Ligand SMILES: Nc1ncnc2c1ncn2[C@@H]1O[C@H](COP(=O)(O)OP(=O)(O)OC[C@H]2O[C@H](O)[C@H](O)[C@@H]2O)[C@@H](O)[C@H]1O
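Taking the form solved without this ligand, here's one chain by itself in structure tokens.
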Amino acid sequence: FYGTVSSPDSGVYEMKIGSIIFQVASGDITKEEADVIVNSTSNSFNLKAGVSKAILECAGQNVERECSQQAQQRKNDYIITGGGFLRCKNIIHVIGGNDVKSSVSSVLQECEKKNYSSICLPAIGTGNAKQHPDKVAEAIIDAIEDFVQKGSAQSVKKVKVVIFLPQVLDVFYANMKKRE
């Protein structure tokens, strides 16, 4: 399923996985525009540290309130909120400590359910949850490969990982070159 790894802009890398453009870059995820932005939170959906702090501060208090209230109503594997003041239609809040392949599979299925074309996510689980970056990179790309292999890619055209630490971007780049 894998295409050639190229660089469309300085420090940005991309490759095809089936019909999907998979892109990685380092920077501030809150500057991104996408149908869905993913937040890597805790099992309380109340984490406000590192990337989750940037996301909740920029998304605003209506997104914070909706997370806390949804988390009270039942036990959630993940929560879908509106985008608040982020440049997106929905935020999907995934638990950083959870299986990252499972989390990305859920995000892809929820995006197809809404006929969404673009997803932006962080290096899920590499912050608060302290999952190893190479395991997280393997898990994210494996989830997209499985999705594509099942013929599930319809509306989803672009998956972009915007990574806080350039040193973690380097791990994603190496994982992409392994598959090329």
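Heads up: residue numbers just count along the shown sequence, starting at 1.
Another form, the form deposited with this ligand bound, is not on view; read the next lines as being about it.
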Requested in this report: Decide open or blocked for this chain: this ligand is absent here, so superimpose its site C-alphas on those in the deposited complex and check whether 3 or more ligand atoms come within 2.4 Å of a backbone or C-beta atom.
Outcome: blocked
**Report entry** Distance check, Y13 to this ligand in the deposited complex, heavy atom within 4.5 Å
**Finding:** no
Query raised in the report: Heavy atoms within 4.5 Å of this ligand in the deposited complex: does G27 have any?
Result: yes
Query - Distance check, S118 to this ligand in the deposited complex, heavy atom within 4.5 Å - result: no
Query raised in the report: Quick one: is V51 in contact with this ligand in the deposited complex, heavy atoms, 4.5 Å cut-off?
Result: yes
Query raised in the report: For this chain shown on its own, do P122, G127 and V162 all sit within 4.5 Å of this ligand in the deposited complex, going by heavy atoms?
Result: yes
**Report entry** Single option in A143, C67, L47, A153 placed near this ligand in the deposited complex, where near means a heavy atom within 4.5 Å
**Finding:** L47
Query raised in the report: Of 108 to 116, 143 to 151, 59 to 67, 36 to 44, which is the one stretch near this ligand in the deposited complex, taking non-hydrogen atoms within 4.5 angstroms as near?
Result: 36 to 44
